[PDB]
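S.K.: Got a sequence here, can you model it:
(one chain, ligands or ions: 2)
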Amino acid sequence: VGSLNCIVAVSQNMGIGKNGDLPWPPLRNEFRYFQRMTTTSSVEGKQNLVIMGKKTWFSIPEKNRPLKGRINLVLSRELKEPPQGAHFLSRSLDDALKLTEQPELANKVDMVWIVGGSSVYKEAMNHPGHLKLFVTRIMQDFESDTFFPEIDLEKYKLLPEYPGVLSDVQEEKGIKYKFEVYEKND
Ligand SMILES: NC(=O)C1=CN([C@@H]2O[C@H](COP(=O)(O)OP(=O)(O)OC[C@H]3O[C@@H](n4cnc5c(N)ncnc54)[C@@H](OP(=O)(O)O)[C@@H]3O)[C@@H](O)[C@H]2O)C=CC1
Ligand SMILES: COc1ccc(OCCCCC(=O)O)cc1Cc1cnc(N)nc1N
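M.R.: Residues are numbered from 1 along each chain as shown. Ligands and ions are numbered 1, 2, ... in the order given. Sharing the structure here:
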């Protein structure tokens, strides 16, 4: 199994969601970036795994579920089986990560991408080990009801460059944003 990563888009006020959707209007190229980063596998014969909470799963339009070309794993203690369209179900992040070591997935999974929501990000971000955060900074305030956890910059280093990630300011629908990559190893 390859690297462990989180990927998020966040507003200036740390918002990541409102009422089960994104706080800002659709940013088509930003979605394309998410698709590209989570799908592209560094290893022949493997796919990336996406891990998400139950609310995050149901926030994805049905037509985009499961995220194509990726193994889709949902976290829930209430559900008894994976939701329609999903591939795997685990009752904790630790369980999900342990699952990727089992014979059914050990040789199938390259990168793992945690795609939300808040509690899943928080657990991942405070878990000892090597972790990257792929963070899109949406450069305005948007009304939100779910927030990204604090990034401890003592541990997470903002990388000065990363291959395949544009370094300059992007703009869609009059909204400026920029891509960042953070890395910790503890
Ligand atoms: N801007 C961005 O990049 C992103 C934005 N979002 C937005 O965030 C909004 C809300 O996400 P959020 O409210 O944080 O919800 P989550 O997706 O984390 O879902 C919360 C629910 O997921 C299960 N769950 C979460 N963590 C675990 C765990 N560690 N172990 C077992 N089960 C778990 C549910 O458990 P159970 O069934 O047991 O009660 C829990 O009630 C979404 O609607 C989405 O629009 C989401 C991802 C990215
Ligand atoms: C749960 O996070 C997301 C899941 C899907 C999504 O739609 C993107 C469409 C891409 C099509 C595909 O991948 O097949 C958007 C999000 C939110 C999200 C957005 N942007 C970034 N950088 N990270 C996210 N988690």
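S.K.: From here on, just use CA atoms for contacts and neighbour counts.
M.R.: Will do.
S.K.: Show me where the protein has its helices.
M.R.: In the chain, the helices defined using DSSP state H lie at 28-39, 54-59, 93-99, 118-125.
S.K.: who does the second one touch, helix- and strand-wise?
M.R.: What it means is helix 54-59. strand 71-75 (3 or more CA pairs under 8 Å, 6 or more residues apart in numbering; DSSP states H and E).
S.K.: okay, the angle between the strand it packs on and helix 28-39?
M.R.: Calculated by axes from the mean of the first three to the mean of the last three CA atoms, to 10 degrees, strand 71-75 forms an angle of 100 degrees with helix 28-39.
S.K.: re earlier: got the helices of the chain as CSV, with mean neighbour count and distance to residue 160 columns?
M.R.: Formatted as CSV, those follow (neighbours: other CA atoms under 10 Å; distance: least, CA to CA, whole Å):
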stretch, mean neighbour count, distance to residue 160
helix 28-39, 15, 18
helix 54-59, 17, 30
helix 93-99, 15, 29
helix 118-125, 18, 20
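S.K.: would a markdown table of those helices with distance to ligand 2 be doable?
M.R.: Formatted as a markdown table, the helices of the chain follow (distance: least, CA to the nearest ligand atom, whole Å):
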| stretch | distance to ligand 2 |
| --- | --- |
| helix 28-39 | 3 |
| helix 54-59 | 5 |
| helix 93-99 | 15 |
| helix 118-125 | 10 |
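S.K.: Contacts only, for residue 17.
M.R.: 23, 144-147 (CA atoms under 8 Å, 6 or more residues apart in numbering).
S.K.: distance of the residue sitting nearest the centre point of the chain from residue 32?
M.R.: Closest residue to the average C-alpha location of the chain: residue 115 at 2.3 Å, with CA atoms, centre = their mean. Counting by CA to CA, to the nearest Å, the separation of residue 115 from residue 32 is 15 Å.
S.K.: Strands of this protein, start to end?
M.R.: 4-11, 15-17, 47-53, 71-75, 88-90, 109-114, 130-138, 146-147, 157-158, 170-172, 175-185 (DSSP state E).
S.K.: who wins for proximity to ligand 2 among the ones you listed?
M.R.: strand 4-11 (3.5 Å; CA to the nearest ligand atom).
S.K.: other SSEs contacting that closest one?
M.R.: strand 15-17, strand 109-114, strand 130-138.
S.K.: deepest of those, which one?
M.R.: Greatest average neighbour count among the helices and strands packed on strand 4-11 goes to strand 15-17 (a mean of 25), per mean count of other CA atoms under 10 Å.
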